[PDB]
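Below: one structure, written as structure tokens.
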Amino acid sequence: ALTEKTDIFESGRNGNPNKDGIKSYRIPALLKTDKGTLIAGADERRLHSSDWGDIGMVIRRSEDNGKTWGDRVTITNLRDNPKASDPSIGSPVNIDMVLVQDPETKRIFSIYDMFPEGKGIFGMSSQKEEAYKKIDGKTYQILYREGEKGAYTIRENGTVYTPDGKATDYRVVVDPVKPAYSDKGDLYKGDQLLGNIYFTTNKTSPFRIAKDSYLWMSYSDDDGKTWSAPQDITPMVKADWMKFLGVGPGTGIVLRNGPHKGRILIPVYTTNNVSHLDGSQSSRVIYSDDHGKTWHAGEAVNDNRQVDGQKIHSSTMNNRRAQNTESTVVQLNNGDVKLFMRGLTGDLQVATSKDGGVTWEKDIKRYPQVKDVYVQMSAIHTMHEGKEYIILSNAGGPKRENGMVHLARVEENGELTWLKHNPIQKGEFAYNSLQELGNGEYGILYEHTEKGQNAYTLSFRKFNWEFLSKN
Amino acid sequence: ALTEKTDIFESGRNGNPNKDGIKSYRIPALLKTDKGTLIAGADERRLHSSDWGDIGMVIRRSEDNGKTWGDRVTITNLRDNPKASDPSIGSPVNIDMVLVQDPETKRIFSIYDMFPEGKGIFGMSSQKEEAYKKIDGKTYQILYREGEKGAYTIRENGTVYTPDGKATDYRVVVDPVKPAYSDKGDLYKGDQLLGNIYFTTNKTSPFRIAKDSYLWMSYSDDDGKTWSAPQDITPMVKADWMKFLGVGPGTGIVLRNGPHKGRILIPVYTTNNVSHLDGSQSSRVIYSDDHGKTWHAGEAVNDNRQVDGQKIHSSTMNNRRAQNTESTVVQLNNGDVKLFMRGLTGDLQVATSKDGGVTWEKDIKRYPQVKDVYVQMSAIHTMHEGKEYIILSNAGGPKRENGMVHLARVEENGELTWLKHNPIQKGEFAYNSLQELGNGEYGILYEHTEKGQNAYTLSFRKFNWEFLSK
Ligand SMILES: CC(=O)N[C@H]1[C@H]([C@H](O)[C@H](O)CNNN)OC(C(=O)O)=C[C@@H]1O
Ligand SMILES: CC(=O)N[C@H]1[C@H]([C@H](O)[C@H](O)CNNN)OC(C(=O)O)=C[C@@H]1O
Ligand SMILES: [Cl-]
Ligand SMILES: [Cl-]
């Protein structure tokens, strides 16, 4: 009814690197593809377990429904700053992925955060730096030069232009070719490599991008064996007021019914400049209506939301309990979209959209039957014996421990009745990602430690309806 | 050398309205048009002198270089909320104008602030309310309905649509036809007038716009006799992060030389959601490269500005002395644009743009030779006997009193040499607007009170080069 765990990404022990030189794995994502393939994604956290540093976006493929797994495939790994004083924070950062496959074109997407060198979201400045500039209808990323106020631009072929629009001898590797694309951002003057635009300290080149939070996307057209170079989708979705914008990690969905069928939905969340992490974390989705070519930001669940008699907006809010952060997204048979959002109420918070994720209904439903200890969750739509269900997994608590797989029946109004709460993993348990495997079976890739393992080891289990409906 | 003052807009006395029922006039703007006409614009502040209330945008015309002035022409005056608890703050607001003429099309522009019913910039909400929505490639103004979260839209012919996109029986007067366009925003259900979308309190209709700061524009193609209906240019220039966005009042310019010759520049300034009026007031300009059809926002002077070792941005700053507010804009013969900005340093602050107002150079120059007591100023380019000068007028201090007309020589390197500091008006002196009249003559329209006059009476004077070099 519930298989034993198979380890997919194994962290080191007792604060040490593993045999591959990796201290830590985190942030699982699991995807079943059109070919029946399982794709397991993770943060490869080389130097330590914290939310920054030298981190690669990696996947593994299984062609036998989770029995055996191939080699690690690295989607993206930016090279570290070799001259940084502190290697722990000495690398441009990728962190947190969402996986999803377009069911029509089969293109598989990995969408993830990017920061230049630093402590990621924990090192973002109080002051905004413009990251892009529109010129003659074209959007270019800005470079800043030491001692100059003006905005240089990275234009066609990675050629660097002056603030007044003159071409220079400098160029940016905007079409990386090295393994893991570790050359992306490399700054050249003609033949000579001088440094990297993603470096922030002890720089050897004169140029850096704006210190900000970024969103990147890589894709695969061959069942996840090979991946495109990173695409910077930030300017398509990030508002001027947005401070942080990152994914709510795990697995996204494609709407399968209603007038927006074919729309890809990716959970995200933002902070604003008023309260940042302290009172503005706000769930929403970005979506694509053209098979991943262009992206749009939906509205926040918190936009024009009523809280204690007064309205808030995600761009201006400062309210700790009204926050909603990482989320997981589900479409019902009636066309409604449900968003299960990590929050600070201690229990499950759910938003409902009726227009395919663009806007959200006035009331955030809370379900006290399912505990939320402030940690990522995942959820999937499912059918069984003619009825509609949602399967949701997260920590049962009180800490990030005692994993649960909860089961809800989908009622007529689109409301949820919680039926079952099944423990799946004693001990530590955190981020996780669910997928239907077919033939009444289900998959889960999740964070856990035993035997002194560094946080975390990412493990895989299978289960069926006897596990979901034990009494 | 300096004429006696002629009063163009006269306030009431001792807190009373004048014979027209107007307590107060404020915010002068003065324009010499292609036909030699002087256009003098003002806030007509009926109920009081405060920065809100029932305020009409009005002008007067002079065809004899300021000797005589015609009747008042009202550009725009929105109707009050008849059910407001306090009429003092009971009206949608227009406030602060900039005048400018396109020398090629001869079209005259008036650009000014708009707020729905309330205390204007001192009455903005704490939370953002989305004002616009793009639908099928079109941008529509949003309406909010009591008890509903969703965004209604005002679409074609002013027809109101639901959040889920169905037309309703409700409509907005989007083509006002009453004098002064006082019907703009009127909300109808079929034939029945129900209220106004700009009303915020004690409403009789179900709909209102977002409580926000707006930017409107009206134009005249007949030398200022008649004016178009107000055009809402806000969504062209207002970013998502901007809280307040308004004009730096007075008279804008058209670049007369360089690669951007023909560009219209309108001084504006913003606040952000971090510190608002406390530390984020940031000067910039908006510009049009197509004779006023479309507007674009240049960058703020404060964007990527170095302050105390750290860079700031107008959207995130919280720094009182680093603020810059209402400003006046001049182009030099070398093409550089100078922006003289109201501020809190006690002295004159000047920014320089080399790309026609889009971006600003690293150092804001200060001139302690010129006092700035935190009040609007005006400045104009002028040539005299082969040389380049800038004339700048403002309060000499210590309060908004002791009006001064300063004269600077523009040196070759683009630096300014202050030669003269000429008193022009003892007693109260505040906002003012300068224009070249031709033949070594100059005009100034300015705020001043005497004899118990309410703040302010807007008066006009002429002066020449014997005055500038007294
Ligand atoms: C980009 C990033 O930093 N992602 C972090 C995420 C984030 O820091 C919080 O959502 C911020 N909110 N702080 N509570 O948190 C966690 C976490 O296990 O708790 C893991 C992610 O890798
Ligand atoms: C739209 C508006 O309110 N315009 C006001 C302007 C504004 O209030 C401040 O520049 C902002 N706050 N100033 N710190 O100030 C003044 C003033 O005489 O001082 C007159 C204008 O009519
Ligand atoms: Cl470098
Ligand atoms: Cl009303």
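Order determines the names: the first chain of the structure tokens is A, the second B, and so forth; residues in each chain are numbered 1 upward, and ligands are numbered 1 upward as they are shown.
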
I need the chain B residues near chain A as an MDAnalysis selection string; criterion: at most 7 Å, counting only C-alpha atoms.
chainID B and resid 127:128 149 240:241 273:274 304 312:313 316:317 362

Could the residues in this selection be saved with N, CA, C and O atoms as a PDB file, in the first residue's frame?
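Final output, saved to selection_14.pdb:
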ATOM      1  N   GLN B 127      -3.674  51.914   1.144  1.00  0.00           N
ATOM      2  CA  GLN B 127      -3.450  50.747   0.294  1.00  0.00           C
ATOM      3  C   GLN B 127      -3.649  51.097  -1.179  1.00  0.00           C
ATOM      4  O   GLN B 127      -4.537  51.883  -1.508  1.00  0.00           O
ATOM      5  N   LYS B 128      -2.844  50.521  -2.064  1.00  0.00           N
ATOM      6  CA  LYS B 128      -3.051  50.746  -3.498  1.00  0.00           C
ATOM      7  C   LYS B 128      -4.429  50.245  -3.956  1.00  0.00           C
ATOM      8  O   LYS B 128      -4.877  49.162  -3.580  1.00  0.00           O
ATOM      9  N   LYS B 149     -15.461  42.643  -4.511  1.00  0.00           N
ATOM     10  CA  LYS B 149     -14.003  42.678  -4.649  1.00  0.00           C
ATOM     11  C   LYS B 149     -13.544  43.034  -6.066  1.00  0.00           C
ATOM     12  O   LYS B 149     -12.560  43.754  -6.242  1.00  0.00           O
ATOM     13  N   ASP B 240       3.386  51.604 -11.551  1.00  0.00           N
ATOM     14  CA  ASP B 240       2.702  50.802 -10.533  1.00  0.00           C
ATOM     15  C   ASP B 240       3.066  51.182  -9.109  1.00  0.00           C
ATOM     16  O   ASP B 240       2.258  51.046  -8.198  1.00  0.00           O
ATOM     17  N   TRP B 241       4.311  51.595  -8.902  1.00  0.00           N
ATOM     18  CA  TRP B 241       4.771  51.890  -7.556  1.00  0.00           C
ATOM     19  C   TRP B 241       4.398  53.306  -7.132  1.00  0.00           C
ATOM     20  O   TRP B 241       4.410  53.627  -5.944  1.00  0.00           O
ATOM     21  N   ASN B 273       5.311  54.515  -1.816  1.00  0.00           N
ATOM     22  CA  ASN B 273       4.514  53.892  -0.772  1.00  0.00           C
ATOM     23  C   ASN B 273       5.287  53.623   0.525  1.00  0.00           C
ATOM     24  O   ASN B 273       4.694  53.273   1.539  1.00  0.00           O
ATOM     25  N   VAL B 274       6.607  53.803   0.486  1.00  0.00           N
ATOM     26  CA  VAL B 274       7.473  53.627   1.656  1.00  0.00           C
ATOM     27  C   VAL B 274       7.402  54.812   2.630  1.00  0.00           C
ATOM     28  O   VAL B 274       7.248  54.618   3.835  1.00  0.00           O
ATOM     29  N   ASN B 304      18.976  56.008  -8.906  1.00  0.00           N
ATOM     30  CA  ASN B 304      20.393  55.649  -8.835  1.00  0.00           C
ATOM     31  C   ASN B 304      21.264  56.813  -8.385  1.00  0.00           C
ATOM     32  O   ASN B 304      22.455  56.871  -8.696  1.00  0.00           O
ATOM     33  N   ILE B 312      20.009  55.464  -3.941  1.00  0.00           N
ATOM     34  CA  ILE B 312      18.590  55.383  -3.647  1.00  0.00           C
ATOM     35  C   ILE B 312      17.821  55.343  -4.957  1.00  0.00           C
ATOM     36  O   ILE B 312      18.392  55.480  -6.035  1.00  0.00           O
ATOM     37  N   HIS B 313      16.518  55.136  -4.846  1.00  0.00           N
ATOM     38  CA  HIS B 313      15.623  55.187  -5.992  1.00  0.00           C
ATOM     39  C   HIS B 313      14.331  55.882  -5.545  1.00  0.00           C
ATOM     40  O   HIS B 313      13.880  55.700  -4.409  1.00  0.00           O
ATOM     41  N   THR B 316      11.801  53.807  -3.697  1.00  0.00           N
ATOM     42  CA  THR B 316      12.106  53.155  -2.428  1.00  0.00           C
ATOM     43  C   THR B 316      12.739  54.072  -1.385  1.00  0.00           C
ATOM     44  O   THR B 316      13.030  53.646  -0.280  1.00  0.00           O
ATOM     45  N   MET B 317      12.966  55.329  -1.733  1.00  0.00           N
ATOM     46  CA  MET B 317      13.732  56.198  -0.856  1.00  0.00           C
ATOM     47  C   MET B 317      12.916  56.631   0.361  1.00  0.00           C
ATOM     48  O   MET B 317      11.683  56.711   0.313  1.00  0.00           O
ATOM     49  N   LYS B 362      25.034  62.795 -12.424  1.00  0.00           N
ATOM     50  CA  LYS B 362      25.252  62.336 -11.052  1.00  0.00           C
ATOM     51  C   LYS B 362      25.175  63.409  -9.968  1.00  0.00           C
ATOM     52  O   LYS B 362      24.722  63.141  -8.853  1.00  0.00           O
TER      53      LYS B 362
END

As a quick test: using only C-alpha atoms and all ligand atoms, which residues lie no more than 9 Å away from ligand 1? Give them as a ChimeraX atom specification.
/A:26-27,43,50-52,94-96,113-115,119-122,213,244-249,269,277-278,281,325-326,342,374-376,430-431

Show me which residues sit within 8 Å of ligand 4 when counting only C-alpha atoms and all ligand atoms, and put them as a PyMOL selection string.
chain B and resi 81+187+194-208

Residues as selected, N, CA, C and O atoms, written as a PDB file, in the first residue's frame, can you do that?
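Result saved to again-v9.pdb:
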ATOM      1  N   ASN B  81     -19.793  66.998  -4.493  1.00  0.00           N
ATOM      2  CA  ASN B  81     -20.684  65.962  -3.996  1.00  0.00           C
ATOM      3  C   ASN B  81     -21.712  66.667  -3.127  1.00  0.00           C
ATOM      4  O   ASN B  81     -21.390  67.142  -2.033  1.00  0.00           O
ATOM      5  N   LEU B 187     -22.694  59.332 -13.273  1.00  0.00           N
ATOM      6  CA  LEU B 187     -23.082  57.940 -13.387  1.00  0.00           C
ATOM      7  C   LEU B 187     -24.597  57.815 -13.629  1.00  0.00           C
ATOM      8  O   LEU B 187     -25.421  58.224 -12.799  1.00  0.00           O
ATOM      9  N   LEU B 194     -27.597  59.121 -11.316  1.00  0.00           N
ATOM     10  CA  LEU B 194     -27.547  58.508  -9.984  1.00  0.00           C
ATOM     11  C   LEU B 194     -26.494  59.093  -9.068  1.00  0.00           C
ATOM     12  O   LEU B 194     -26.603  58.978  -7.844  1.00  0.00           O
ATOM     13  N   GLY B 195     -25.454  59.673  -9.658  1.00  0.00           N
ATOM     14  CA  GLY B 195     -24.352  60.232  -8.897  1.00  0.00           C
ATOM     15  C   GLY B 195     -23.130  60.491  -9.769  1.00  0.00           C
ATOM     16  O   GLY B 195     -23.252  60.838 -10.949  1.00  0.00           O
ATOM     17  N   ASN B 196     -21.944  60.339  -9.183  1.00  0.00           N
ATOM     18  CA  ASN B 196     -20.698  60.584  -9.902  1.00  0.00           C
ATOM     19  C   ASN B 196     -19.591  59.646  -9.439  1.00  0.00           C
ATOM     20  O   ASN B 196     -19.444  59.382  -8.246  1.00  0.00           O
ATOM     21  N   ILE B 197     -18.816  59.138 -10.387  1.00  0.00           N
ATOM     22  CA  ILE B 197     -17.796  58.148 -10.067  1.00  0.00           C
ATOM     23  C   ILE B 197     -16.645  58.729  -9.274  1.00  0.00           C
ATOM     24  O   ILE B 197     -15.857  57.987  -8.698  1.00  0.00           O
ATOM     25  N   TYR B 198     -16.560  60.055  -9.235  1.00  0.00           N
ATOM     26  CA  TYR B 198     -15.501  60.734  -8.492  1.00  0.00           C
ATOM     27  C   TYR B 198     -15.916  61.017  -7.037  1.00  0.00           C
ATOM     28  O   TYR B 198     -15.131  61.558  -6.256  1.00  0.00           O
ATOM     29  N   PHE B 199     -17.150  60.677  -6.677  1.00  0.00           N
ATOM     30  CA  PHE B 199     -17.608  60.864  -5.300  1.00  0.00           C
ATOM     31  C   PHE B 199     -17.125  59.680  -4.464  1.00  0.00           C
ATOM     32  O   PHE B 199     -17.132  58.543  -4.927  1.00  0.00           O
ATOM     33  N   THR B 200     -16.723  59.956  -3.229  1.00  0.00           N
ATOM     34  CA  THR B 200     -16.126  58.950  -2.357  1.00  0.00           C
ATOM     35  C   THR B 200     -16.917  58.752  -1.062  1.00  0.00           C
ATOM     36  O   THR B 200     -16.753  57.742  -0.402  1.00  0.00           O
ATOM     37  N   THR B 201     -17.770  59.713  -0.710  1.00  0.00           N
ATOM     38  CA  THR B 201     -18.558  59.650   0.524  1.00  0.00           C
ATOM     39  C   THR B 201     -20.056  59.815   0.263  1.00  0.00           C
ATOM     40  O   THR B 201     -20.458  60.431  -0.735  1.00  0.00           O
ATOM     41  N   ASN B 202     -20.863  59.252   1.168  1.00  0.00           N
ATOM     42  CA  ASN B 202     -22.325  59.375   1.153  1.00  0.00           C
ATOM     43  C   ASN B 202     -22.909  59.212  -0.254  1.00  0.00           C
ATOM     44  O   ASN B 202     -23.803  59.962  -0.646  1.00  0.00           O
ATOM     45  N   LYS B 203     -22.404  58.229  -0.998  1.00  0.00           N
ATOM     46  CA  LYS B 203     -22.717  58.079  -2.419  1.00  0.00           C
ATOM     47  C   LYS B 203     -24.178  57.697  -2.725  1.00  0.00           C
ATOM     48  O   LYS B 203     -24.808  56.931  -1.988  1.00  0.00           O
ATOM     49  N   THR B 204     -24.689  58.215  -3.842  1.00  0.00           N
ATOM     50  CA  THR B 204     -26.023  57.896  -4.325  1.00  0.00           C
ATOM     51  C   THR B 204     -25.954  56.950  -5.528  1.00  0.00           C
ATOM     52  O   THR B 204     -26.962  56.393  -5.949  1.00  0.00           O
ATOM     53  N   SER B 205     -24.763  56.776  -6.088  1.00  0.00           N
ATOM     54  CA  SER B 205     -24.555  55.765  -7.134  1.00  0.00           C
ATOM     55  C   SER B 205     -23.687  54.644  -6.542  1.00  0.00           C
ATOM     56  O   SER B 205     -23.086  54.827  -5.485  1.00  0.00           O
ATOM     57  N   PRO B 206     -23.657  53.469  -7.187  1.00  0.00           N
ATOM     58  CA  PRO B 206     -22.903  52.332  -6.637  1.00  0.00           C
ATOM     59  C   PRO B 206     -21.401  52.304  -7.006  1.00  0.00           C
ATOM     60  O   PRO B 206     -20.686  51.404  -6.559  1.00  0.00           O
ATOM     61  N   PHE B 207     -20.931  53.252  -7.812  1.00  0.00           N
ATOM     62  CA  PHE B 207     -19.588  53.140  -8.377  1.00  0.00           C
ATOM     63  C   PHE B 207     -18.658  54.321  -8.111  1.00  0.00           C
ATOM     64  O   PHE B 207     -19.065  55.479  -8.154  1.00  0.00           O
ATOM     65  N   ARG B 208     -17.391  54.008  -7.872  1.00  0.00           N
ATOM     66  CA  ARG B 208     -16.360  55.030  -7.772  1.00  0.00           C
ATOM     67  C   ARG B 208     -15.052  54.546  -8.411  1.00  0.00           C
ATOM     68  O   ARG B 208     -14.802  53.340  -8.526  1.00  0.00           O
TER      69      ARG B 208
END

Mind checking DSSP for range 110-170 of chain A and telling me the strand (DSSP E or B) residues as an NGL selection string?
:A and (110-115 or 132-135 or 138-145 or 152-154 or 159-161 or 167-170)

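Restricting the calculation to only C-alpha atoms and all ligand atoms, the smallest distance between ligand 2 and any of B:459, B:323, B:257, B:228 is found for B:323.
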
Could you please extract the residues within 7 Å of ligand 2, counting only C-alpha atoms and all ligand atoms, and hand them back as an NGL selection string?
:B and (27 or 51 or 95-96 or 113 or 120-121 or 246 or 277 or 325-326 or 375)

Using only C-alpha atoms and all ligand atoms, find each protein or nucleic acid residue lying at most 7 Å from ligand 3; present the set as an MDAnalysis selection string.
chainID A and resid 194:197 199 203:207

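Nearest residue to residue 221 in chain B among B:397, B:252, B:103, B:427 is B:103, counting only C-alpha atoms.
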
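Atom to atom, CA of residue 337 in chain B and CA of residue 463 in chain B stand 25.4 Å apart.
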
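Distance check against residue 170 in chain B using only C-alpha atoms: of B:184, B:152, B:122, B:267, the minimum falls on B:152.
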
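For the residues B:9, B:431, B:269, B:214, ranking by smallest atom-to-atom distance to residue 298 in chain B using only C-alpha atoms places B:269 first.
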
Contacts of range 64-67 of chain B at 9 Å or less, counting only C-alpha atoms, minus same-chain residues fewer than 5 places along, as a PyMOL selection string?
chain B and resi 6+32+36-38+437+443+460-462

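Reported to one decimal place, the separation of CA of residue 192 in chain A from CA of residue 168 in chain A is 14.0 Å.
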
Report as a PDB file with N, CA, C and O atoms, in the first residue's frame all protein, DNA and RNA residues lying within 9 Å of residue 275 in chain B, evaluated on only C-alpha atoms, omitting residues in the same chain fewer than 3 positions from it.
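File produced: part.pdb:
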ATOM      1  N   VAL A 274       7.281  48.037   1.261  1.00  0.00           N
ATOM      2  CA  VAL A 274       6.825  48.504   2.553  1.00  0.00           C
ATOM      3  C   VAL A 274       7.260  47.564   3.682  1.00  0.00           C
ATOM      4  O   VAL A 274       7.894  47.993   4.648  1.00  0.00           O
TER       5      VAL A 274
ATOM      6  N   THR B 271       5.583  60.613  -5.149  1.00  0.00           N
ATOM      7  CA  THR B 271       5.952  60.006  -3.880  1.00  0.00           C
ATOM      8  C   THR B 271       5.836  58.511  -4.041  1.00  0.00           C
ATOM      9  O   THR B 271       5.288  58.050  -5.026  1.00  0.00           O
ATOM     10  N   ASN B 272       6.419  57.766  -3.107  1.00  0.00           N
ATOM     11  CA  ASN B 272       6.290  56.317  -3.084  1.00  0.00           C
ATOM     12  C   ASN B 272       5.500  55.826  -1.882  1.00  0.00           C
ATOM     13  O   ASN B 272       5.112  56.609  -1.019  1.00  0.00           O
ATOM     14  N   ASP B 278       6.870  62.119   3.398  1.00  0.00           N
ATOM     15  CA  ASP B 278       7.939  62.233   4.397  1.00  0.00           C
ATOM     16  C   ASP B 278       9.356  62.127   3.910  1.00  0.00           C
ATOM     17  O   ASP B 278      10.256  62.648   4.559  1.00  0.00           O
ATOM     18  N   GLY B 279       9.583  61.440   2.805  1.00  0.00           N
ATOM     19  CA  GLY B 279      10.949  61.253   2.364  1.00  0.00           C
ATOM     20  C   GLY B 279      11.129  60.758   0.945  1.00  0.00           C
ATOM     21  O   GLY B 279      12.219  60.295   0.582  1.00  0.00           O
ATOM     22  N   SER B 280      10.081  60.858   0.134  1.00  0.00           N
ATOM     23  CA  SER B 280      10.136  60.293  -1.197  1.00  0.00           C
ATOM     24  C   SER B 280       9.804  61.248  -2.343  1.00  0.00           C
ATOM     25  O   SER B 280       9.890  60.848  -3.506  1.00  0.00           O
ATOM     26  N   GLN B 281       9.425  62.488  -2.027  1.00  0.00           N
ATOM     27  CA  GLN B 281       9.164  63.498  -3.072  1.00  0.00           C
ATOM     28  C   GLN B 281      10.349  63.616  -4.044  1.00  0.00           C
ATOM     29  O   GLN B 281      11.482  63.922  -3.641  1.00  0.00           O
ATOM     30  N   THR B 316      11.801  53.807  -3.697  1.00  0.00           N
ATOM     31  CA  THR B 316      12.106  53.155  -2.428  1.00  0.00           C
ATOM     32  C   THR B 316      12.739  54.072  -1.385  1.00  0.00           C
ATOM     33  O   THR B 316      13.030  53.646  -0.280  1.00  0.00           O
ATOM     34  N   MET B 317      12.966  55.329  -1.733  1.00  0.00           N
ATOM     35  CA  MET B 317      13.732  56.198  -0.856  1.00  0.00           C
ATOM     36  C   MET B 317      12.916  56.631   0.361  1.00  0.00           C
ATOM     37  O   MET B 317      11.683  56.711   0.313  1.00  0.00           O
ATOM     38  N   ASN B 318      13.626  56.892   1.454  1.00  0.00           N
ATOM     39  CA  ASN B 318      13.050  57.493   2.655  1.00  0.00           C
ATOM     40  C   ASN B 318      14.105  58.392   3.284  1.00  0.00           C
ATOM     41  O   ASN B 318      14.830  58.000   4.183  1.00  0.00           O
ATOM     42  N   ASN B 319      14.191  59.599   2.757  1.00  0.00           N
ATOM     43  CA  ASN B 319      15.267  60.511   3.073  1.00  0.00           C
ATOM     44  C   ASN B 319      14.777  61.918   2.827  1.00  0.00           C
ATOM     45  O   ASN B 319      14.583  62.328   1.687  1.00  0.00           O
TER      46      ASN B 319
END
